[PDB]
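A.B. asks: Contents of my_file_20.pdb (PDB, C-alpha atoms):
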ATOM      1  CA  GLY S   1     -21.722  -9.063  -6.449
ATOM      2  CA  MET S   2     -23.381 -12.378  -7.463
ATOM      3  CA  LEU S   3     -24.824 -10.867 -10.764
ATOM      4  CA  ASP S   4     -21.229 -10.108 -11.845
ATOM      5  CA  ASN S   5     -20.159 -13.805 -11.854
ATOM      6  CA  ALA S   6     -19.878 -13.919 -15.687
ATOM      7  CA  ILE S   7     -18.240 -10.497 -16.162
ATOM      8  CA  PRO S   8     -14.933 -10.967 -18.015
ATOM      9  CA  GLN S   9     -11.781 -10.190 -16.043
ATOM     10  CA  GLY S  10      -8.715  -8.416 -17.394
ATOM     11  CA  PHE S  11      -8.054  -6.095 -20.296
ATOM     12  CA  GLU S  12      -8.287  -6.413 -24.094
ATOM     13  CA  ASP S  13      -5.333  -4.099 -25.015
ATOM     14  CA  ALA S  14      -1.680  -5.137 -25.334
ATOM     15  CA  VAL S  15      -2.486  -8.702 -24.350
ATOM     16  CA  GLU S  16       0.895 -10.186 -25.291
ATOM     17  CA  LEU S  17       2.739  -7.452 -23.271
ATOM     18  CA  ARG S  18       0.406  -7.981 -20.298
ATOM     19  CA  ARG S  19       1.014 -11.757 -20.317
ATOM     20  CA  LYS S  20       4.771 -11.215 -20.576
ATOM     21  CA  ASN S  21       4.840  -8.629 -17.811
ATOM     22  CA  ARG S  22       2.608 -10.701 -15.530
ATOM     23  CA  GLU S  23       4.820 -13.727 -15.994
ATOM     24  CA  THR S  24       7.766 -11.625 -14.760
ATOM     25  CA  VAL S  25       5.877 -10.287 -11.723
ATOM     26  CA  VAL S  26       4.783 -13.805 -10.789
ATOM     27  CA  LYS S  27       8.364 -15.073 -11.263
ATOM     28  CA  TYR S  28       9.597 -12.263  -8.946
ATOM     29  CA  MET S  29       6.979 -13.022  -6.254
ATOM     30  CA  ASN S  30       7.784 -16.747  -6.416
ATOM     31  CA  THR S  31      11.548 -16.191  -6.011
ATOM     32  CA  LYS S  32      12.893 -17.642  -2.795
ATOM     33  CA  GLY S  33      16.038 -19.085  -1.317
ATOM     34  CA  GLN S  34      19.134 -19.185  -3.500
ATOM     35  CA  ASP S  35      17.157 -18.002  -6.535
ATOM     36  CA  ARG S  36      17.099 -14.610  -4.756
ATOM     37  CA  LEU S  37      20.751 -14.205  -5.858
ATOM     38  CA  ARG S  38      19.592 -14.063  -9.493
ATOM     39  CA  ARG S  39      16.342 -12.066  -9.025
ATOM     40  CA  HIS S  40      18.131  -8.958 -10.399
ATOM     41  CA  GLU S  41      18.094 -10.726 -13.794
ATOM     42  CA  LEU S  42      14.382  -9.806 -14.040
ATOM     43  CA  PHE S  43      15.362  -6.115 -14.231
ATOM     44  CA  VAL S  44      16.486  -3.746 -16.948
ATOM     45  CA  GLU S  45      20.154  -2.800 -16.589
ATOM     46  CA  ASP S  46      19.442   0.491 -14.801
ATOM     47  CA  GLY S  47      16.384  -0.947 -13.032
ATOM     48  CA  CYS S  48      15.873  -0.111  -9.416
ATOM     49  CA  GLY S  49      13.971  -1.161  -6.355
ATOM     50  CA  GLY S  50      13.548  -0.759  -2.665
ATOM     51  CA  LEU S  51      11.570   0.296   0.355
ATOM     52  CA  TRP S  52       9.072   3.147   0.044
ATOM     53  CA  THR S  53       7.799   3.099   3.657
ATOM     54  CA  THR S  54      10.880   4.000   5.742
ATOM     55  CA  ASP S  55      11.837   5.582   9.068
ATOM     56  CA  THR S  56      13.334   8.552   7.260
ATOM     57  CA  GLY S  57      10.324   9.347   5.056
ATOM     58  CA  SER S  58      12.562   8.937   1.954
ATOM     59  CA  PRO S  59      12.641   5.746  -0.080
ATOM     60  CA  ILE S  60      15.662   3.494   0.259
ATOM     61  CA  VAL S  61      16.451   2.825  -3.358
ATOM     62  CA  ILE S  62      18.855   0.268  -4.783
ATOM     63  CA  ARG S  63      19.882   1.284  -8.326
ATOM     64  CA  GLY S  64      21.118  -0.798 -11.202
ATOM     65  CA  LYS S  65      21.503  -4.558 -11.652
ATOM     66  CA  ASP S  66      24.956  -4.699 -10.133
ATOM     67  CA  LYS S  67      23.709  -3.065  -6.912
ATOM     68  CA  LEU S  68      20.520  -5.203  -6.986
ATOM     69  CA  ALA S  69      22.759  -8.300  -7.219
ATOM     70  CA  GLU S  70      24.842  -7.102  -4.221
ATOM     71  CA  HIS S  71      21.715  -6.310  -2.269
ATOM     72  CA  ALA S  72      20.471  -9.877  -2.786
ATOM     73  CA  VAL S  73      23.532 -11.054  -0.781
ATOM     74  CA  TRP S  74      22.706  -8.659   2.067
ATOM     75  CA  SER S  75      19.031  -9.764   1.837
ATOM     76  CA  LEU S  76      19.929 -13.489   2.112
ATOM     77  CA  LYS S  77      22.086 -12.629   5.125
ATOM     78  CA  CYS S  78      19.480 -10.580   7.046
ATOM     79  CA  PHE S  79      16.352 -12.433   5.911
ATOM     80  CA  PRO S  80      17.770 -15.913   5.351
ATOM     81  CA  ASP S  81      14.490 -17.854   4.951
ATOM     82  CA  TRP S  82      12.177 -15.064   3.736
ATOM     83  CA  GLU S  83       9.028 -16.013   1.850
ATOM     84  CA  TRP S  84       6.077 -14.158   0.401
ATOM     85  CA  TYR S  85       2.653 -15.780   0.814
ATOM     86  CA  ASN S  86      -1.041 -15.012   0.362
ATOM     87  CA  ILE S  87       0.015 -13.482  -2.916
ATOM     88  CA  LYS S  88      -2.530 -11.565  -4.969
ATOM     89  CA  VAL S  89      -1.469 -10.074  -8.338
ATOM     90  CA  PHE S  90      -3.358  -7.089  -9.761
ATOM     91  CA  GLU S  91      -3.044  -6.085 -13.397
ATOM     92  CA  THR S  92      -3.892  -2.411 -14.007
ATOM     93  CA  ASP S  93      -5.142  -0.393 -16.960
ATOM     94  CA  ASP S  94      -1.440   0.290 -17.637
ATOM     95  CA  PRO S  95      -0.058  -2.957 -19.153
ATOM     96  CA  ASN S  96       3.363  -2.011 -17.704
ATOM     97  CA  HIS S  97       2.200  -1.419 -14.087
ATOM     98  CA  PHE S  98       1.227  -4.167 -11.625
ATOM     99  CA  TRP S  99       0.370  -4.168  -7.898
ATOM    100  CA  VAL S 100       0.821  -7.181  -5.642
ATOM    101  CA  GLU S 101      -0.749  -7.572  -2.205
ATOM    102  CA  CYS S 102       0.777 -10.208   0.033
ATOM    103  CA  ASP S 103       2.196 -11.198   3.377
ATOM    104  CA  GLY S 104       5.820 -11.964   4.022
ATOM    105  CA  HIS S 105       7.668 -13.615   6.865
ATOM    106  CA  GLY S 106      10.963 -15.062   8.071
ATOM    107  CA  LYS S 107      13.841 -14.612  10.501
ATOM    108  CA  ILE S 108      15.250 -11.104  10.704
ATOM    109  CA  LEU S 109      18.963 -10.733  11.468
ATOM    110  CA  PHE S 110      19.971  -7.057  11.355
ATOM    111  CA  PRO S 111      23.388  -6.406  12.858
ATOM    112  CA  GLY S 112      23.118  -4.532  16.108
ATOM    113  CA  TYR S 113      19.633  -5.872  16.830
ATOM    114  CA  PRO S 114      18.565  -9.096  18.536
ATOM    115  CA  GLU S 115      17.401 -11.882  16.236
ATOM    116  CA  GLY S 116      13.679 -11.842  15.627
ATOM    117  CA  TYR S 117      10.864 -13.248  13.605
ATOM    118  CA  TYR S 118       9.382 -10.778  11.141
ATOM    119  CA  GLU S 119       5.819 -10.819   9.882
ATOM    120  CA  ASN S 120       4.463  -8.052   7.667
ATOM    121  CA  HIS S 121       1.828  -7.187   5.071
ATOM    122  CA  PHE S 122       3.051  -5.734   1.799
ATOM    123  CA  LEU S 123       1.973  -3.883  -1.248
ATOM    124  CA  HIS S 124       4.439  -4.163  -4.136
ATOM    125  CA  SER S 125       4.382  -1.847  -7.149
ATOM    126  CA  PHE S 126       5.999  -3.144 -10.348
ATOM    127  CA  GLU S 127       6.735  -1.008 -13.390
ATOM    128  CA  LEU S 128       8.022  -2.970 -16.368
ATOM    129  CA  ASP S 129       9.390  -2.552 -19.893
ATOM    130  CA  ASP S 130       8.712  -5.446 -22.264
ATOM    131  CA  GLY S 131       8.930  -8.179 -19.609
ATOM    132  CA  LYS S 132      11.709  -6.643 -17.469
ATOM    133  CA  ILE S 133      11.355  -4.642 -14.265
ATOM    134  CA  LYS S 134      12.205  -0.927 -14.373
ATOM    135  CA  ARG S 135      11.168  -0.318 -10.757
ATOM    136  CA  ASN S 136       9.830  -2.199  -7.779
ATOM    137  CA  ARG S 137       8.593  -0.373  -4.683
ATOM    138  CA  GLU S 138       7.723  -2.105  -1.395
ATOM    139  CA  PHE S 139       5.125  -0.628   0.988
ATOM    140  CA  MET S 140       4.607  -2.250   4.407
ATOM    141  CA  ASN S 141       3.641  -1.536   8.013
ATOM    142  CA  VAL S 142       6.748  -0.048   9.584
ATOM    143  CA  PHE S 143       5.749  -0.991  13.182
ATOM    144  CA  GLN S 144       5.810  -4.701  12.318
ATOM    145  CA  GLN S 145       9.536  -4.317  11.585
ATOM    146  CA  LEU S 146      10.149  -2.397  14.861
ATOM    147  CA  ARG S 147       8.593  -5.385  16.672
ATOM    148  CA  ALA S 148      10.648  -7.943  14.917
ATOM    149  CA  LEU S 149      13.769  -5.867  15.754
ATOM    150  CA  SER S 150      12.641  -5.561  19.424
ATOM    151  CA  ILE S 151      12.615  -1.725  19.032
ATOM    152  CA  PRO S 152       9.983  -0.272  21.421
ATOM    153  CA  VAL S 153       6.828   0.756  19.465
ATOM    154  CA  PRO S 154       5.610   4.340  20.117
ATOM    155  CA  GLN S 155       1.868   4.256  20.940
ATOM    156  CA  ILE S 156      -0.580   6.872  19.627
ATOM    157  CA  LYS S 157      -3.809   7.461  21.601
ATOM    158  CA  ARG S 158      -6.731   8.501  19.289
ATOM    159  CA  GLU S 159      -8.959   9.945  22.074
ATOM    160  CA  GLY S 160     -12.645  10.167  21.040
ATOM    161  CA  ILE S 161     -12.406   8.000  17.866
ATOM    162  CA  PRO S 162     -15.828   6.271  17.292
TER     163      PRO S 162
ATOM    164  CA  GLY Q   1     -19.091  -9.608 -22.547
ATOM    165  CA  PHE Q   2     -16.269  -7.052 -22.251
ATOM    166  CA  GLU Q   3     -18.813  -4.210 -22.796
ATOM    167  CA  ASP Q   4     -20.317  -5.140 -19.399
ATOM    168  CA  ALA Q   5     -16.833  -5.120 -17.807
ATOM    169  CA  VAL Q   6     -16.170  -1.732 -19.407
ATOM    170  CA  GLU Q   7     -19.376  -0.057 -18.154
ATOM    171  CA  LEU Q   8     -18.938  -1.487 -14.671
ATOM    172  CA  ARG Q   9     -15.327  -0.419 -14.497
ATOM    173  CA  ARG Q  10     -16.257   3.096 -15.672
ATOM    174  CA  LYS Q  11     -19.065   3.509 -13.137
ATOM    175  CA  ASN Q  12     -16.899   2.207 -10.307
ATOM    176  CA  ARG Q  13     -14.053   4.469 -11.343
ATOM    177  CA  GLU Q  14     -16.353   7.515 -11.137
ATOM    178  CA  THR Q  15     -17.219   6.619  -7.518
ATOM    179  CA  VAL Q  16     -13.542   6.106  -6.584
ATOM    180  CA  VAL Q  17     -12.701   9.552  -8.106
ATOM    181  CA  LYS Q  18     -15.686  11.166  -6.271
ATOM    182  CA  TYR Q  19     -14.348   9.681  -3.027
ATOM    183  CA  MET Q  20     -10.773  10.924  -3.607
ATOM    184  CA  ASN Q  21     -12.068  14.414  -4.444
ATOM    185  CA  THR Q  22     -14.271  14.656  -1.329
ATOM    186  CA  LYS Q  23     -13.110  17.409   0.971
ATOM    187  CA  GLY Q  24     -14.376  20.011   3.436
ATOM    188  CA  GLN Q  25     -17.927  19.759   4.699
ATOM    189  CA  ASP Q  26     -18.666  17.163   1.976
ATOM    190  CA  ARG Q  27     -16.679  14.715   4.083
ATOM    191  CA  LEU Q  28     -19.812  14.545   6.280
ATOM    192  CA  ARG Q  29     -21.613  12.882   3.321
ATOM    193  CA  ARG Q  30     -18.811  10.686   1.944
ATOM    194  CA  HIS Q  31     -20.558   7.622   3.531
ATOM    195  CA  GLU Q  32     -23.295   8.061   0.876
ATOM    196  CA  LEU Q  33     -20.858   6.489  -1.606
ATOM    197  CA  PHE Q  34     -21.038   3.182   0.317
ATOM    198  CA  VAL Q  35     -23.332   0.226   0.626
ATOM    199  CA  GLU Q  36     -25.076   0.088   4.074
ATOM    200  CA  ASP Q  37     -22.721  -2.723   5.145
ATOM    201  CA  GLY Q  38     -19.729  -0.788   3.767
ATOM    202  CA  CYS Q  39     -16.445  -0.616   5.672
ATOM    203  CA  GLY Q  40     -13.494   1.697   5.851
ATOM    204  CA  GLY Q  41     -10.424   2.339   7.955
ATOM    205  CA  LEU Q  42      -6.689   2.141   8.430
ATOM    206  CA  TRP Q  43      -4.750  -1.061   7.665
ATOM    207  CA  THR Q  44      -1.286   0.147   8.749
ATOM    208  CA  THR Q  45      -1.554   0.652  12.496
ATOM    209  CA  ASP Q  46       0.620   0.480  15.614
ATOM    210  CA  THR Q  47      -1.021  -2.693  16.844
ATOM    211  CA  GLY Q  48      -0.971  -4.541  13.547
ATOM    212  CA  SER Q  49      -4.787  -4.834  13.791
ATOM    213  CA  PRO Q  50      -6.710  -2.570  11.433
ATOM    214  CA  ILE Q  51      -8.939   0.238  12.676
ATOM    215  CA  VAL Q  52     -12.178  -0.899  11.048
ATOM    216  CA  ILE Q  53     -15.089   1.495  10.589
ATOM    217  CA  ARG Q  54     -18.058  -0.803   9.783
ATOM    218  CA  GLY Q  55     -21.448   0.249   8.482
ATOM    219  CA  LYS Q  56     -22.656   3.459   6.874
ATOM    220  CA  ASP Q  57     -23.821   4.724  10.275
ATOM    221  CA  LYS Q  58     -20.315   4.383  11.791
ATOM    222  CA  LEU Q  59     -18.714   5.851   8.657
ATOM    223  CA  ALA Q  60     -20.989   8.961   9.028
ATOM    224  CA  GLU Q  61     -20.024   9.284  12.740
ATOM    225  CA  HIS Q  62     -16.318   8.809  12.012
ATOM    226  CA  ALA Q  63     -16.499  11.650   9.473
ATOM    227  CA  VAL Q  64     -17.379  14.015  12.322
ATOM    228  CA  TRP Q  65     -14.309  12.913  14.294
ATOM    229  CA  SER Q  66     -12.247  13.152  11.081
ATOM    230  CA  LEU Q  67     -13.314  16.761  10.420
ATOM    231  CA  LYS Q  68     -12.409  17.649  14.030
ATOM    232  CA  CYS Q  69      -8.951  16.026  14.015
ATOM    233  CA  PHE Q  70      -7.984  16.647  10.376
ATOM    234  CA  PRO Q  71     -10.018  19.771   9.697
ATOM    235  CA  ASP Q  72      -8.449  20.821   6.338
ATOM    236  CA  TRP Q  73      -7.395  17.449   4.991
ATOM    237  CA  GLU Q  74      -6.896  17.001   1.231
ATOM    238  CA  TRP Q  75      -5.719  14.122  -0.929
ATOM    239  CA  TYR Q  76      -3.445  15.188  -3.838
ATOM    240  CA  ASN Q  77      -1.194  13.645  -6.534
ATOM    241  CA  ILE Q  78      -3.972  11.114  -7.025
ATOM    242  CA  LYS Q  79      -3.202   8.155  -9.275
ATOM    243  CA  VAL Q  80      -6.114   5.828  -9.904
ATOM    244  CA  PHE Q  81      -5.426   2.230 -10.980
ATOM    245  CA  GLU Q  82      -8.148   0.087 -12.499
ATOM    246  CA  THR Q  83      -7.430  -3.609 -12.047
ATOM    247  CA  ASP Q  84      -8.285  -6.809 -13.874
ATOM    248  CA  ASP Q  85     -11.328  -7.007 -11.498
ATOM    249  CA  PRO Q  86     -13.813  -4.296 -12.544
ATOM    250  CA  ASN Q  87     -14.825  -4.076  -8.851
ATOM    251  CA  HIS Q  88     -11.325  -3.516  -7.421
ATOM    252  CA  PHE Q  89      -9.245  -0.346  -7.646
ATOM    253  CA  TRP Q  90      -6.007   0.921  -6.090
ATOM    254  CA  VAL Q  91      -5.268   4.599  -5.585
ATOM    255  CA  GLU Q  92      -1.803   5.971  -4.861
ATOM    256  CA  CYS Q  93      -1.713   9.472  -3.500
ATOM    257  CA  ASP Q  94      -0.375  11.986  -1.048
ATOM    258  CA  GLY Q  95      -2.390  13.502   1.776
ATOM    259  CA  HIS Q  96      -1.832  16.445   4.064
ATOM    260  CA  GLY Q  97      -3.321  18.904   6.534
ATOM    261  CA  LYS Q  98      -3.351  19.993  10.143
ATOM    262  CA  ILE Q  99      -3.551  17.278  12.784
ATOM    263  CA  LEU Q 100      -5.367  17.957  16.093
ATOM    264  CA  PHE Q 101      -5.244  14.828  18.304
ATOM    265  CA  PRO Q 102      -6.207  15.381  21.951
ATOM    266  CA  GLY Q 103      -3.110  14.987  24.092
ATOM    267  CA  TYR Q 104      -0.656  16.131  21.409
ATOM    268  CA  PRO Q 105       0.473  19.511  20.113
ATOM    269  CA  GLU Q 106      -1.257  20.738  16.963
ATOM    270  CA  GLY Q 107       0.925  19.628  14.072
ATOM    271  CA  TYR Q 108       1.087  19.441  10.309
ATOM    272  CA  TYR Q 109       0.641  15.990   8.838
ATOM    273  CA  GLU Q 110       1.855  14.818   5.421
ATOM    274  CA  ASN Q 111       1.856  11.245   4.276
ATOM    275  CA  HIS Q 112       1.867   8.967   1.242
ATOM    276  CA  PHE Q 113      -1.031   6.589   0.848
ATOM    277  CA  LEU Q 114      -2.231   3.528  -0.912
ATOM    278  CA  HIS Q 115      -6.011   3.048  -0.961
ATOM    279  CA  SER Q 116      -7.764  -0.179  -1.805
ATOM    280  CA  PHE Q 117     -11.369   0.075  -2.998
ATOM    281  CA  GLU Q 118     -13.780  -2.795  -3.540
ATOM    282  CA  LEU Q 119     -17.146  -1.887  -5.093
ATOM    283  CA  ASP Q 120     -20.548  -3.251  -6.053
ATOM    284  CA  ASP Q 121     -22.299  -1.605  -9.006
ATOM    285  CA  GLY Q 122     -20.940   1.883  -8.314
ATOM    286  CA  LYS Q 123     -21.101   1.728  -4.492
ATOM    287  CA  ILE Q 124     -18.145   1.175  -2.184
ATOM    288  CA  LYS Q 125     -18.028  -2.031  -0.163
ATOM    289  CA  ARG Q 126     -14.632  -1.473   1.368
ATOM    290  CA  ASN Q 127     -11.934   1.214   1.495
ATOM    291  CA  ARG Q 128      -8.599   0.314   3.139
ATOM    292  CA  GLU Q 129      -5.877   2.961   3.786
ATOM    293  CA  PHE Q 130      -2.171   2.056   3.899
ATOM    294  CA  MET Q 131       0.394   4.692   4.825
ATOM    295  CA  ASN Q 132       3.764   5.282   6.393
ATOM    296  CA  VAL Q 133       3.055   5.198  10.143
ATOM    297  CA  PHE Q 134       6.282   7.079  10.945
ATOM    298  CA  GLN Q 135       4.841  10.182   9.188
ATOM    299  CA  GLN Q 136       2.002  10.318  11.687
ATOM    300  CA  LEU Q 137       4.447  10.040  14.587
ATOM    301  CA  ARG Q 138       6.369  13.001  13.133
ATOM    302  CA  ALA Q 139       3.144  15.030  12.796
ATOM    303  CA  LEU Q 140       2.321  14.367  16.495
ATOM    304  CA  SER Q 141       5.824  15.337  17.654
ATOM    305  CA  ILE Q 142       6.493  11.724  18.768
ATOM    306  CA  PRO Q 143      10.168  10.771  18.330
ATOM    307  CA  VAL Q 144      10.744   8.337  15.430
ATOM    308  CA  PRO Q 145      13.207   5.465  15.936
ATOM    309  CA  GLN Q 146      16.033   5.236  13.375
ATOM    310  CA  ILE Q 147      16.543   1.724  11.990
ATOM    311  CA  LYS Q 148      20.214   1.026  11.233
ATOM    312  CA  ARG Q 149      20.583  -1.270   8.168
ATOM    313  CA  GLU Q 150      24.281  -2.174   8.472
ATOM    314  CA  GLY Q 151      25.863  -2.955   5.093
ATOM    315  CA  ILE Q 152      22.745  -2.332   2.966
ATOM    316  CA  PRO Q 153      23.853  -1.931  -0.703
ATOM    317  CA  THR Q 154      21.940   0.932  -2.355
TER     318      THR Q 154
END
What do you get writing this file as structure tokens?
C.D. replies:
Amino acid sequence: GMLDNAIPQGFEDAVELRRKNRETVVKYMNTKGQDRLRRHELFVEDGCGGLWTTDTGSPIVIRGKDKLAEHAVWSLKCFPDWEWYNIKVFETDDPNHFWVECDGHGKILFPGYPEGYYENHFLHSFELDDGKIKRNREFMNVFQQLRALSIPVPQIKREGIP
Amino acid sequence: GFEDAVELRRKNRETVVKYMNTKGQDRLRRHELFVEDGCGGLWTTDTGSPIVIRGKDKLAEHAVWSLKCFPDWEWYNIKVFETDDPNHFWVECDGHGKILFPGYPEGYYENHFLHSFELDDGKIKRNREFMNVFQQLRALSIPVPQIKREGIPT
């Protein structure tokens, strides 16, 4: 609240590692367009990433820099103009773990589905090792993607909810 | 001073932990952790508009509905993240229990959650839940669409 205006933000441990790690997270979140083809360079060699909120229940994980590089090509194909916005970066008490809350939007071109426009809200988890990403996990609202793919959305009635 | 950040963060963390540990009939009093103007609800919904439960009164009344529809609900595998803001926390966890929604067969519901908490001097201003909506469809015996991601490298 208003009496907290002068309370210092951030953490006093591992400050150089925190700065380094944060710089990488920010760099990742700011990566758009053609720079997406080199985003894998922010990762450790056996780093991984992917989608943690899926239709199967299991994460869809892309493993290792080579596969991350290949995935960037698929990503630029299916989300050609994708951009994150309303980005908020959270440091945590772990200097190697960050969370990012944001929105993201762009054209969606998945083969077998009609072209759409895709809008979603995201939480991103980043785990790092000395300035490089070990793992990035995306969490989003799966019905926003169904919409953008023109897949009918199942509706849940919550009868009696206040 | 950082000592003020530290005490605030510690007090807030205790309230977040108390919330996450609240189960059974204590769910009826979980609203006591909030400011009067406190809010809660679900930010990953079928409409894309959050289900917002505003005010301590409405939070108390929602708890009754919650205990009816999710009678044995427990959070587990709870991972609490402090942030650079002493008043903001994230919690990653799992959650599970029976689901009893009118109009659907009784089911078993498991899901993976992110919780956002914003606090003021040890009291919760806002909780926001984020989860995998498909898991709730599965629990309610609603068929889940399969999204084909042709050519995805993994």
A.B. asks: Evaluated on this file, the PyMOL selection byres ((chain Q) within 9 of (chain S)) picks out some residues - which ones are they, written as a short mmCIF file (atom, residue, chain, number, x, y, z; two decimals) with C-alpha atoms, in the coordinates of the input?
C.D. replies:
data_model
loop_
_atom_site.label_atom_id
_atom_site.label_comp_id
_atom_site.auth_asym_id
_atom_site.auth_seq_id
_atom_site.Cartn_x
_atom_site.Cartn_y
_atom_site.Cartn_z
CA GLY Q 1 -19.09 -9.61 -22.55
CA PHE Q 2 -16.27 -7.05 -22.25
CA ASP Q 4 -20.32 -5.14 -19.40
CA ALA Q 5 -16.83 -5.12 -17.81
CA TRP Q 43 -4.75 -1.06 7.66
CA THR Q 44 -1.29 0.15 8.75
CA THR Q 45 -1.55 0.65 12.50
CA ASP Q 46 0.62 0.48 15.61
CA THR Q 47 -1.02 -2.69 16.84
CA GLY Q 48 -0.97 -4.54 13.55
CA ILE Q 53 -15.09 1.50 10.59
CA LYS Q 58 -20.32 4.38 11.79
CA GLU Q 61 -20.02 9.28 12.74
CA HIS Q 62 -16.32 8.81 12.01
CA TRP Q 65 -14.31 12.91 14.29
CA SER Q 66 -12.25 13.15 11.08
CA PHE Q 81 -5.43 2.23 -10.98
CA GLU Q 82 -8.15 0.09 -12.50
CA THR Q 83 -7.43 -3.61 -12.05
CA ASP Q 84 -8.28 -6.81 -13.87
CA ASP Q 85 -11.33 -7.01 -11.50
CA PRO Q 86 -13.81 -4.30 -12.54
CA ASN Q 87 -14.82 -4.08 -8.85
CA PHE Q 89 -9.24 -0.35 -7.65
CA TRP Q 90 -6.01 0.92 -6.09
CA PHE Q 101 -5.24 14.83 18.30
CA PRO Q 102 -6.21 15.38 21.95
CA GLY Q 103 -3.11 14.99 24.09
CA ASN Q 111 1.86 11.24 4.28
CA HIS Q 112 1.87 8.97 1.24
CA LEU Q 114 -2.23 3.53 -0.91
CA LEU Q 119 -17.15 -1.89 -5.09
CA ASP Q 120 -20.55 -3.25 -6.05
CA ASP Q 121 -22.30 -1.60 -9.01
CA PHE Q 130 -2.17 2.06 3.90
CA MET Q 131 0.39 4.69 4.82
CA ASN Q 132 3.76 5.28 6.39
CA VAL Q 133 3.06 5.20 10.14
CA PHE Q 134 6.28 7.08 10.94
CA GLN Q 135 4.84 10.18 9.19
CA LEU Q 137 4.45 10.04 14.59
CA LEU Q 140 2.32 14.37 16.50
CA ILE Q 142 6.49 11.72 18.77
CA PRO Q 143 10.17 10.77 18.33
CA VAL Q 144 10.74 8.34 15.43
CA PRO Q 145 13.21 5.46 15.94
CA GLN Q 146 16.03 5.24 13.38
CA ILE Q 147 16.54 1.72 11.99
CA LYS Q 148 20.21 1.03 11.23
CA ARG Q 149 20.58 -1.27 8.17
CA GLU Q 150 24.28 -2.17 8.47
CA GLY Q 151 25.86 -2.96 5.09
CA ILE Q 152 22.74 -2.33 2.97
CA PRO Q 153 23.85 -1.93 -0.70
CA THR Q 154 21.94 0.93 -2.36
#
A.B. asks: Go through the shown structure with the PyMOL selection byres ((chain S and resi 29-40) around 7) and write out the matching residues as a PDB file with C-alpha atoms, keeping the file's coordinate frame.
C.D. replies:
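Writing the result to selection02.pdb gives the following:
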ATOM      1  CA  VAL S  25       5.877 -10.287 -11.723  1.00  0.00           C
ATOM      2  CA  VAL S  26       4.783 -13.805 -10.789  1.00  0.00           C
ATOM      3  CA  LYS S  27       8.364 -15.073 -11.263  1.00  0.00           C
ATOM      4  CA  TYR S  28       9.597 -12.263  -8.946  1.00  0.00           C
ATOM      5  CA  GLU S  41      18.094 -10.726 -13.794  1.00  0.00           C
ATOM      6  CA  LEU S  42      14.382  -9.806 -14.040  1.00  0.00           C
ATOM      7  CA  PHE S  43      15.362  -6.115 -14.231  1.00  0.00           C
ATOM      8  CA  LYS S  65      21.503  -4.558 -11.652  1.00  0.00           C
ATOM      9  CA  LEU S  68      20.520  -5.203  -6.986  1.00  0.00           C
ATOM     10  CA  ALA S  69      22.759  -8.300  -7.219  1.00  0.00           C
ATOM     11  CA  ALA S  72      20.471  -9.877  -2.786  1.00  0.00           C
ATOM     12  CA  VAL S  73      23.532 -11.054  -0.781  1.00  0.00           C
ATOM     13  CA  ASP S  81      14.490 -17.854   4.951  1.00  0.00           C
ATOM     14  CA  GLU S  83       9.028 -16.013   1.850  1.00  0.00           C
ATOM     15  CA  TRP S  84       6.077 -14.158   0.401  1.00  0.00           C
TER      16      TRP S  84
END
A.B. asks: Name the residues captured by the PyMOL selection byres ((chain S and resi 20) around 12) when it is applied to the shown file; answer as an MDAnalysis selection string.
C.D. replies: chainID S and resid 14:19 21:27 42 91 95:96 98 128:133
A.B. asks: What separation in Å, quoted to one decimal, exists between CA of residue 30 in chain Q and CA of residue 57 in chain Q?
C.D. replies: 11.4 Å
A.B. asks: Which of these residues is nearest to residue 18 in chain Q, using all atoms listed in the file: Q:59, Q:42, Q:80, Q:67?
C.D. replies: Q:80
A.B. asks: In Å, how far is it from CA of residue 126 in chain Q to CA of residue 88 in chain Q?
C.D. replies: 9.6 Å
A.B. asks: When distances are computed from only C-alpha atoms, which of Q:127, Q:139, Q:69, Q:74 shows the smallest separation from residue 55 in chain Q?
C.D. replies: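 The closest residue to residue 55 in chain Q is Q:127.
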A.B. asks: Is there a way to complete range 95-102 of chain Q with N, CA and C atoms and then write that out as a PDB file, keeping the file's coordinate frame?
C.D. replies:
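Okay, result_15.pdb is ready:
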ATOM      1  N   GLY Q  95      -1.362  12.870   0.978  1.00  0.00           N
ATOM      2  CA  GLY Q  95      -2.390  13.502   1.776  1.00  0.00           C
ATOM      3  C   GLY Q  95      -1.737  14.378   2.804  1.00  0.00           C
ATOM      4  N   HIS Q  96      -2.372  15.495   3.088  1.00  0.00           N
ATOM      5  CA  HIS Q  96      -1.832  16.445   4.064  1.00  0.00           C
ATOM      6  C   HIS Q  96      -2.866  17.386   4.658  1.00  0.00           C
ATOM      7  N   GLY Q  97      -2.495  17.924   5.816  1.00  0.00           N
ATOM      8  CA  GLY Q  97      -3.321  18.904   6.534  1.00  0.00           C
ATOM      9  C   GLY Q  97      -2.892  18.971   7.983  1.00  0.00           C
ATOM     10  N   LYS Q  98      -3.536  19.857   8.709  1.00  0.00           N
ATOM     11  CA  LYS Q  98      -3.351  19.993  10.143  1.00  0.00           C
ATOM     12  C   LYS Q  98      -3.798  18.695  10.819  1.00  0.00           C
ATOM     13  N   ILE Q  99      -3.109  18.355  11.905  1.00  0.00           N
ATOM     14  CA  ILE Q  99      -3.551  17.278  12.784  1.00  0.00           C
ATOM     15  C   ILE Q  99      -3.764  17.832  14.216  1.00  0.00           C
ATOM     16  N   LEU Q 100      -4.955  17.564  14.737  1.00  0.00           N
ATOM     17  CA  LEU Q 100      -5.367  17.957  16.093  1.00  0.00           C
ATOM     18  C   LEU Q 100      -5.836  16.698  16.855  1.00  0.00           C
ATOM     19  N   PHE Q 101      -4.893  15.961  17.434  1.00  0.00           N
ATOM     20  CA  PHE Q 101      -5.244  14.828  18.304  1.00  0.00           C
ATOM     21  C   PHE Q 101      -5.179  15.330  19.749  1.00  0.00           C
ATOM     22  N   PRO Q 102      -6.237  15.064  20.525  1.00  0.00           N
ATOM     23  CA  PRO Q 102      -6.207  15.381  21.951  1.00  0.00           C
ATOM     24  C   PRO Q 102      -5.006  14.727  22.611  1.00  0.00           C
TER      25      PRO Q 102
END
